[PDB]
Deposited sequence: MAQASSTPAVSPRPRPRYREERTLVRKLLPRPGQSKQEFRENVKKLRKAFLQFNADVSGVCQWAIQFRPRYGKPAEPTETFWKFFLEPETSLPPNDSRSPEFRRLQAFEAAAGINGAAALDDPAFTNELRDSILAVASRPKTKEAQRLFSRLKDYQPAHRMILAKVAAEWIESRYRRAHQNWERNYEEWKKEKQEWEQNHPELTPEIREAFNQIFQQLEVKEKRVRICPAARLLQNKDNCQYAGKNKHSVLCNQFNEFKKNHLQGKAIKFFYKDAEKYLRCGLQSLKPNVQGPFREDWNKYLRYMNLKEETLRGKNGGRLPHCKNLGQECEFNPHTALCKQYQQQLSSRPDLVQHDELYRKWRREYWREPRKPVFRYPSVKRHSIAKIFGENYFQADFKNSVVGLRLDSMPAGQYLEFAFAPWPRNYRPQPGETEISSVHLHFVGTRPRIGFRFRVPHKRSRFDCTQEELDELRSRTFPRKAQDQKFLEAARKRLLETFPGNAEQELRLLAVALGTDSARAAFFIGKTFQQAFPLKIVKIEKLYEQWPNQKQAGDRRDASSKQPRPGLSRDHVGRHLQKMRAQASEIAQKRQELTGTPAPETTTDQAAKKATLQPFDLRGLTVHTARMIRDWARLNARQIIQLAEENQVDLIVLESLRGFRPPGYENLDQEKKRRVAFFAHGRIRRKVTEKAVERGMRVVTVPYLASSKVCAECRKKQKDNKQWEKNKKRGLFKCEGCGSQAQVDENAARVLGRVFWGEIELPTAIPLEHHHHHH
């Protein structure tokens, strides 16, 4: 039996508490002690980042031959899959030994152990034989004089940082990239009129302009050819300012028949005079008119100027505007097309291609842990801390400070409401980070997942969605493989007994549907607030509170009905450019982020409470809320 990969949903908790002055100690003592914690936090970031800078040079490069360094790369990241299960030592200790050999902190002697394959031994030699940058020599010169336990922690935190951020995202991207290429080739074979020559022509036009966006914010080629003042980008709501203004005038100051016919009578008036109006509206018109000239900032003189008596604005907002001139970008495109009338025909088809197939999905780039976002925490393990939950005091032994000696702090007491009380768990480690200038400590302890009735992991359902079937065009294949995996690993008759909560998120109201097998059993109230309310892409993140709070309601309702499976709805696919006022593409982008966040929190909690999660595609319809029940039938594949 070849050993299995570590879980991604970890069976562990960290409770974070503010570090406080210990009662009877000067603000100055605290400050000097907090200064020592800050220096150790920053040194730990420097050390992990240094290890990452060294390790990341051996990442496999897409579509290239495996380097001889690759086995060491794979092992550093996930040592457990290459070691014997009956190893007397931990994968963490084995990683330490491989790292020391590969970095020349030690020799290959430690690697004579049969725990290590020859492939590993050979890969580690290949790493050690390479010249080291000055930076790596400085890092290894420093780490050589650390205690083994601190080096082990460093290696573990760097390896886990790289594996969990970069490597998962890189593996998701590779499959996304591979399938995008197959979908591109098929779309091009099915639309052969968009030849390479034509694509190139448009590509060069959009480079010459300076359009780096997939989705071009430019009037259609053919609208642009009409040669009128009609852009959909220049105004507010695809009309001039005056057209918007007149609409407020018509709601605020006009009444009865005047709301309809004032525009018409004003143009009749301007061209042919008051006596051209019906006798019975001359009176009201006089008043409506001098009011009109005041609410807009218009003179009757200059209005008589245009086309023999015409108002310089639309009469409705429900019509294409002729007073809304084209943006400078609309006009440059128009200039490019005028010397290329051959391209006009293919404008729309080329923009469809450009939105999907001009740019490959972005290959992830390695990111270092951020000090300001406290991406990582300094680890104090077995003989480097003490905790007294009676007097809420903690001792933290810095790296070179002797055994039994601690810097001592109080901390915000463990809440009584917080379910694992210190006495019903064991603290394996304390984790130090800073939020701004303020020190925080995390008490780390193990909580096993409740066992699911499904003999399948959430990690398998995620791999189906992210690797096996990554494209939107593969949604149907994703849902079919997920349903099949879930039905085949449910112990009984899934179609009669599988307990499922469906919750419809987004522009489908706050309703949930409980199913037993394929049978809709009960609809349940669910009090969610929408993304419209509660109002460095931001830092006023009240999404996090929105996500945690709304996640908790979904989980309570699921647990209350001994649910096996939570089915979520993803957010509506992205509309085509134009009829997207800048503001509403920001608000659709906040929705997507916030909803991503609710799904992740519900998933993490669900796996802890012995459940599984599946996110179905946005309910595509072609006036009451049946939506959660429809979502469940979509899962079962009746719709």
(request) Just jot down which stretches of the deposited chain sequence have no CA coordinates, in the order they come. (result) 1-9, 545-621, 709-743, 761-775
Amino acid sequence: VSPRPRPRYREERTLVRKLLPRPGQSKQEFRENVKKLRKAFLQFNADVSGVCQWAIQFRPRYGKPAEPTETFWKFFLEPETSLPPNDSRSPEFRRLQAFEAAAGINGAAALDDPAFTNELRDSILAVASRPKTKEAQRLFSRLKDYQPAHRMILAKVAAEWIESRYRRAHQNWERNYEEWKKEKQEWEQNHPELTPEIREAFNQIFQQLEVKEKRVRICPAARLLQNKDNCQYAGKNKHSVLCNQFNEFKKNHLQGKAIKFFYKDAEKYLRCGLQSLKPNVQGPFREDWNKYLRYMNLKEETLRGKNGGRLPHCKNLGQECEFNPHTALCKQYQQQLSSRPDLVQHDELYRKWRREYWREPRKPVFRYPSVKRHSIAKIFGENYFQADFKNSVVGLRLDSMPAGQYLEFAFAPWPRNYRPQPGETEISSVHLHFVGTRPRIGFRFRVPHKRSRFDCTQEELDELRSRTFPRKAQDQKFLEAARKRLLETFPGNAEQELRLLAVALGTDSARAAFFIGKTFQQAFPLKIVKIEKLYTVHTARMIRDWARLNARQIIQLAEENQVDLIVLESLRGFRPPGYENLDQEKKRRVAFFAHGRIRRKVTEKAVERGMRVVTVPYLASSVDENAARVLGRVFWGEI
From here on, numbers count along this sequence of modelled residues.
(message) Please compare 576-584 with 31-39 and say which has the higher mean C-alpha temperature factor in the record.
(response) 576-584
(request) Look up the CA B-factors in the entry and say which stretch, 69-77 or 210-218, has the higher mean. (result) 210-218
(request) Go through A102, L487, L298, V567 one by one and give the residue whose Cα B-factor in the PDB entry is largest. (result) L298
(request) Have a look at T468, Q189, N237, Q474 and flag the one whose Cα has the highest B-factor in the entry. (result) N237
(message) Could you place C321 in the lowest, middle or highest third of its chain by Cα temperature factor, using the values in the record?
(response) highest
(request) Classify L571 as lowest, middle or highest third according to the C-alpha B-factor given in the PDB entry, relative to its own chain. (result) highest
(request) Looking at the entry's B-factor column for C-alpha atoms only, identify whether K601 ranks in the lowest, middle or highest third of its chain. (result) middle
(message) Among the modelled residues of this chain, does the Cα B factor of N172 put it in the lowest, middle or highest third?
(response) lowest
(message) Going by the CA temperature factor in the PDB record, which third of the chain does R612 belong to: lowest, middle or highest?
(response) lowest
